[PDB]
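In: Pasting an experimental structure, sequence included:
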8 protein chains.
Amino acid sequence: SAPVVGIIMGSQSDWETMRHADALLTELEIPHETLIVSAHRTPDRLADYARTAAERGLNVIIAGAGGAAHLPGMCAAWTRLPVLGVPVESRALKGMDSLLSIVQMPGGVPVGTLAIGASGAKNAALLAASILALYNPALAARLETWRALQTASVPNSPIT
Amino acid sequence: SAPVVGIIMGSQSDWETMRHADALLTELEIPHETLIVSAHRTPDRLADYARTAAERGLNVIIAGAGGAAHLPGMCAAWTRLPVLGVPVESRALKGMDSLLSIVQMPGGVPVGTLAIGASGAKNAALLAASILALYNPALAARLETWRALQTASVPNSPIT
Amino acid sequence: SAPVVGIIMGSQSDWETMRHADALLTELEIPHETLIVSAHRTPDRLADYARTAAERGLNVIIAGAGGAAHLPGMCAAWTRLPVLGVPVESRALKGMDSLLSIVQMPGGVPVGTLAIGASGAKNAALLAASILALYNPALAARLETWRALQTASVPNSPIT
Amino acid sequence: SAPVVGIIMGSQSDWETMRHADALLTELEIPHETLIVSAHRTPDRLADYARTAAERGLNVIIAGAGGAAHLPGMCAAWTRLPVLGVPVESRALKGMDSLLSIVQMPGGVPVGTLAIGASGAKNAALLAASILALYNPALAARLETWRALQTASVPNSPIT
Amino acid sequence: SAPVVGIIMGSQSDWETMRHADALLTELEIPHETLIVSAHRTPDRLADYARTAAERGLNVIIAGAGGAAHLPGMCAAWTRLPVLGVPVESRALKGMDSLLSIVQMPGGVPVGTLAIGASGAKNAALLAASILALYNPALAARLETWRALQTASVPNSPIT
Amino acid sequence: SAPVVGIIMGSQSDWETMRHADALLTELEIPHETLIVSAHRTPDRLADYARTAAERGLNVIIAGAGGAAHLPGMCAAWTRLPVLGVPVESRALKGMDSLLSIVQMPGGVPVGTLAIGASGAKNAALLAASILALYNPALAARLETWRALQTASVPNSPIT
Amino acid sequence: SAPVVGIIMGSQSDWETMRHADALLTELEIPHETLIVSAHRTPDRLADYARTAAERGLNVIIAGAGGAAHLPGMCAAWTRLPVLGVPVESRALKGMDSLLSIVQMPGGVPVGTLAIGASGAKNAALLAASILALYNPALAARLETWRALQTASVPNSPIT
Amino acid sequence: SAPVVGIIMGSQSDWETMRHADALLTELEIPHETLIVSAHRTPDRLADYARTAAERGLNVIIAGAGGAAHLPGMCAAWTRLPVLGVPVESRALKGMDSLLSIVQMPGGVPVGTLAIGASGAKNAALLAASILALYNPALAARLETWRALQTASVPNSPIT
Ligand SMILES: Nc1cncn1[C@@H]1O[C@H](COP(=O)(O)O)[C@@H](O)[C@H]1O
Ligand SMILES: Nc1cncn1[C@@H]1O[C@H](COP(=O)(O)O)[C@@H](O)[C@H]1O
Ligand SMILES: Nc1cncn1[C@@H]1O[C@H](COP(=O)(O)O)[C@@H](O)[C@H]1O
Ligand SMILES: Nc1cncn1[C@@H]1O[C@H](COP(=O)(O)O)[C@@H](O)[C@H]1O
């Protein structure tokens, strides 16, 4: 089935983080593609990917990178689609550089930014799901189930 | 004319920032409502607003607050809709508390976060528009026009 | 015996930190309950817990969470009881996000915030004790003993 | 009329902030004293103030200071009473030095810390009131009224 | 008279800072061009500017931007020329977002980064001059004179 | 021989850091005492230590602590002697809390602050030595030798 | 009348801060010299100033600079005398760059660092005085008087 | 062959980082020297190195250090050559101190600063290469090849 979400990441080293977005989309049965695209090492690959995303049928892009993390913002520069940004935890600055590089977009070109690291990757996929759910009733019910199970599954007290 | 986006903010002092989201939605002809909801002063008002948003026909919530900024995250706790968070600039810490208290959502409850301040409010509205544009071709055409005009309006050289 | 302190925490993963509050309360023989309550994954569980805390005989609530740590503040939103907040050390940002999310409450809804991590969990319990001690003479004497033993036990010089 | 809360601050320059704690205690009819005590300029005055607070009938101390803000922690060192700390905003570092030097107390000597600046001072007074309200029903009723009014006074929409 | 340095900046608001680079290059008689290029509003203009810089005879690019500052890094992605980045001071975060989003380039695509603000713009021009001075003896002599004058012009004592 | 430097530290856990000050003083044959003194757990022990330091023949105090690190400043509050402060690396905030708690002393009561961690402990001892050297010619020559050996011993190129 | 303290600063813009060190030394009758020395604009002037300070009869150097503040550390590199560093507040980063670039000296070359800004300058002078007071009884008596007056001059309550 | 790039570093402990610059220069066949030079422990060694660099035929200096990292800036103080600075990751502050110490140079004496850590060391060498490439066609072609291989080698999708 044709992908409706693109997951892109700046490097293989981001995969340990971005796999959490991939897994969540698969759990909810959201067809998606998962690609490496570097804003800096493959800038024309990025331009082409972002420019053609909509005509290819993508609805949402999830972009993850670390450091001077420009992949989400430059993707949003070329697509009208919603772009969600995952700050990957960097070694020295723990993703604060990633976070500021992604979230602080000037007015005109948005990136919806999620938490640093694996939680943000998971939430980027959930956010993409909640967007798709607006016009896909079956997916909306599966998302409702997912959220209900999350809530119901929280224990009442810690295990010691 | 029925609202499809809800803009909520923690206080009147947030309006100087959040008015930019309001203006952009009006510019793009996106029907919306604009409210004050305090996560800490009116927690039950928030619970009811967020719980009922989808059945009231809202598709996206834009939530803005500053300091220990819980409004977006708690909104997202109670709705299955996409929630976008605007960190309002705070006096002492310049919105860094706003930013971290909004963006660092743990796995399972996303908030799509935008830049600190007016830029973020503007971009929350643009991000909401790009979401709605996925299943509204007239709006998609208006957003394309808007993006194209932004691109065409950048000058080639500075004024000295 | 009926609990007079509630310890609540956002997740099982917080228990490694919050167990230090539990242990201290037990050492001082302060009856207490220890629960998982997520502001974001179980928001109605939190509303109910906080709303009914006083009528259930609780005097003080100790709430711990990490990241966008909204559990203490949203608990204080619904209870008139004093709420003490423990910032749990987060992976990337080392609890700075937890700290700012908890301590930077706007005027009107306070959270008494303790240090990031285990020391804060221990001190949240000691602070709760010092509050209860105001109207429980036996506990006040046990707290006096605890503080005296802490002081007396500090060695005069390091072991090499 | 005998004070049950002590407000102490490191300098006259702290009063612009700490006056908000004073006002709120008066509003709630909580008898209190308001003093300047410098941890570094009058360390013996501090030792004596804190040592004797409980026997003088104080139940809670609210301590405010900025920069390397030692006043709350050293107060807590010498009293068994609950000490609440207000980080006063500093010129260069905007109260981040105030905050960290107050909140990061090691295990065994708590300071319940509130927000940087006026909000924190207000909330220290509210937190002190919620503590006293535990064993003062008239005050508990006044605080409930106060909280309920805060909730009722939040508007539903912003003014443009 | 053909330009050997390109100064590019993300917006007119950057000119207050980047004008210092322009002035210093003129002072040292380094022919240059000064343009506005938005990484996010005119991404294809940027791609073309950077791709073609070397064949147009440019030797160094000085790029200035603020906030999530992608202009220097994306310029460097598309040119083999040395790119120098000037972090423009931002309103809320004082150029710390500018700084981290410029300097933290991952391995393989350098941006030589200068100080936040006017100093950085001035120093980008001086750094560009020292680069050009390597294979331009007349310019090398002008730069030596400039450095020597800077050294000679420092007073020996302050004015009171 | 009577100690002329006092090393004091807030806890046994600081010794891993403060031993570097001890070792340096011993290397230079500077008689000294090494003690645990907690500002918060043993405040009267600190008052007495600092108050009597000068009459006991101490010339310089080196004080190390972590977190809300008030030991150096409160020591300086009671002694006219120069106090040097060593920020101990804390677990969560890596000694930034220690650093700000120590260095940001208001005017009137100084603490000469050294680097976070072991380097600062070593340098506190070297700084104390350079102070004593002003009026002890033999020690001054041993310090000169120490500095000369440091300089001479730096290799010219790295070992691979 | 021969100077025993040298105050050096990187620029005239530093004088607004460093004048407080000058004033305090004059108040305590400590003969001193006050100079501008730029670590980066006059590196050989600095080398010569620092190399020769001890033979010229200086006992302590107070060095102030802002931004990438190398003046104190490089001074300490070339003198065996105690060097005290004053972080001058910087425009964008509020002296945090000044602070870290002064205090974080690696092992072997100390700089005793004081607070950001005017407080630090004042305290550098007081710290220098406490050093000199060790072997100057008349000065020791003046400093005691000064400290005692500071203590006596703290008011007991704020002015409203 | 005579070196045209000097790599200098403050300590053997920096070599784990700076070896990445060495390796890159060797890969591109750029003759270079690799030296330890401490700004603080060997200040005259630094003065001499920087002063004579140009007359020795060096074109670019790459300087790496950590903490109060003054090596790059003080090198630039004495040479007219372009100096590139590599912030070495420090233990406590993760190279934020290194970064600010290097990048925040006031106007007049530039250091082109690269990312914290190994990526910055690699990029300092690439930046030096892109400078040399301006007047060495063979090297320019080898750099073009290097950049082309980097781009071409990025995989299209992650390995799981
Ligand atoms: N910002 C960016 C642009 N292209 C890649 N990156 C990022 O560079 C970091 C390191 O990549 P690598 O490990 O391949 O050097 C990764 O987090 C990746 O997102
Ligand atoms: N803020 C919040 C709300 N609900 C849970 N959390 C926090 O999310 C973090 C991670 O939870 P988990 O490990 O279950 O993902 C924990 O520190 C927990 O307090
Ligand atoms: N600030 C302070 C006052 N008394 C002790 N500390 C500090 O508390 C930290 C932790 O002490 P402990 O490990 O005993 O809890 C140590 O760095 C010690 O200097
Ligand atoms: N800033 C500086 C001046 N001279 C050496 N350093 C730095 O000091 C740190 C620690 O050096 P060492 O390990 O030898 O103590 C290294 O990062 C080195 O660049």
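Out: That came through, no problem. Numbers count the residues shown, from 1 in each chain, chains lettered A, B, ... in the order given. Ligands and ions are numbered 1, 2, ... in the order given.

In: And the residue in chain A that ligand 4 sits nearest to, how far from residue H:90?
Out: Closest residue of chain A to ligand 4, C-beta to the nearest ligand atom: residue A:92 (13.2 Å). Heads up, the C-betas are built off the backbone N, CA and C, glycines and all. For residue A:92, the distance to residue H:90 (C-beta to C-beta, to the nearest Å) stands at 9 Å.

In: Who has more neighbours out of the two?
Out: Set residue A:92 next to residue H:90 and count neighbours by other C-beta atoms under 10 Å in any protein chain shown: residue H:90 wins out with 28 against 24.

In: unless I'm mixing things up, that one is touching residue H:64, no?
Out: No - the pair residue H:90 / residue H:64 is not scored as a contact, 12.0 Å apart, by C-beta atoms under 8 Å.

In: is chain C contacted by stretch A:123-138?
Out: No - Stretch A:123-138 stays clear of chain C (C-beta under 8 Å from any C-beta of the partner chain), getting no nearer than 10.7 Å.

In: ok, that stretch near chain H or not?
Out: No - Stretch A:123-138 stays clear of chain H (C-beta under 8 Å from any C-beta), getting no nearer than 15.2 Å.

In: Just want the most central residue of chain A.
Out: The centroid of chain A falls nearest to residue A:62 when counting by C-alpha atoms, centre = their mean (2.7 Å).

In: which residues pair with it across the strands?
Out: Counting by DSSP bridges, residue A:62 is bridged to residue A:7, residue A:84.

In: residues contacting it?
Out: Contact analysis of residue A:62 by C-beta atoms under 8 Å, 6 or more residues apart in numbering or on different chains lists A:5-8, A:18, A:21, A:83-84, A:86, A:121, A:124-125, A:128.

In: residues in contact with the spatially closest residue to residue A:159 that is not a sequence neighbour?
Out: Leaving aside its sequence neighbours, residue A:159 sits nearest to residue C:12 (C-beta to C-beta, 6 or more residues apart in numbering or on different chains; 6.5 Å). Residue C:12 is in contact with A:155, A:158, A:159, C:36, counting by C-beta under 8 Å, 6+ apart.

In: Just give the nearest non-adjacent residue to the residue in chain A that ligand 3 sits nearest to, would you?
Out: Closest residue of chain A to ligand 3, C-beta to the nearest ligand atom: residue A:94 (21.9 Å). Using C-beta to C-beta, 6+ apart and skipping the chain neighbours, the partner closest in space to residue A:94 is residue C:92 (4.6 Å).

In: ok, now residue A:24?
Out: residue A:125 is the one closest to residue A:24 (C-beta to C-beta, 6+ apart), at 3.7 Å.

In: That neighbour sits in which helix or strand?
Out: Element membership for residue A:125 (DSSP states H and E) is helix A:118-132.

In: Including distance to residue A:71 and neighbour count, could the contacts of residue A:62 go into CSV?
Out: Converted to CSV, the contacts of residue A:62 look like this (distance: C-beta to C-beta, whole Å; neighbours: other C-beta atoms under 10 Å in any protein chain shown):
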residue, distance to residue A:71, neighbour count
A:5, 15, 25
A:6, 12, 25
A:7, 11, 31
A:8, 7, 28
A:18, 11, 28
A:21, 14, 29
A:83, 9, 33
A:84, 12, 35
A:86, 9, 36
A:121, 13, 31
A:124, 13, 33
A:125, 17, 31
A:128, 16, 30
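
In: before we move on, back to that, which residues are in contact with each of residue A:92 and residue H:90?
Out: residue H:96.

In: For the longest helix anywhere in chain A, which outside residues touch it?
Out: Ordering each helix of chain A by length in residues (DSSP state H) puts helix A:137-153 first. When contacts are defined by C-beta under 8 Å, 6+ apart, helix A:137-153 is touched by residues A:27-30, A:126, A:129-130, A:132-134, B:80, B:108, C:41-42.

In: Specify which member of the residues you listed is nearest to residue A:55.
Out: Closest approach to residue A:55 among the contacts of helix A:137-153 (C-beta to C-beta): residue A:132, at 18.1 Å.

In: neighbours of the spatially closest residue to that closest one that is not a sequence neighbour, just the number please.
Out: Spatially, and ignoring its direct neighbours in sequence, residue A:132 is nearest to residue A:139 (5.6 Å; C-beta to C-beta, 6+ apart). The number of residues packed near residue A:139 is 18, by other C-beta under 10 Å.

In: Right, I'll leave it there.
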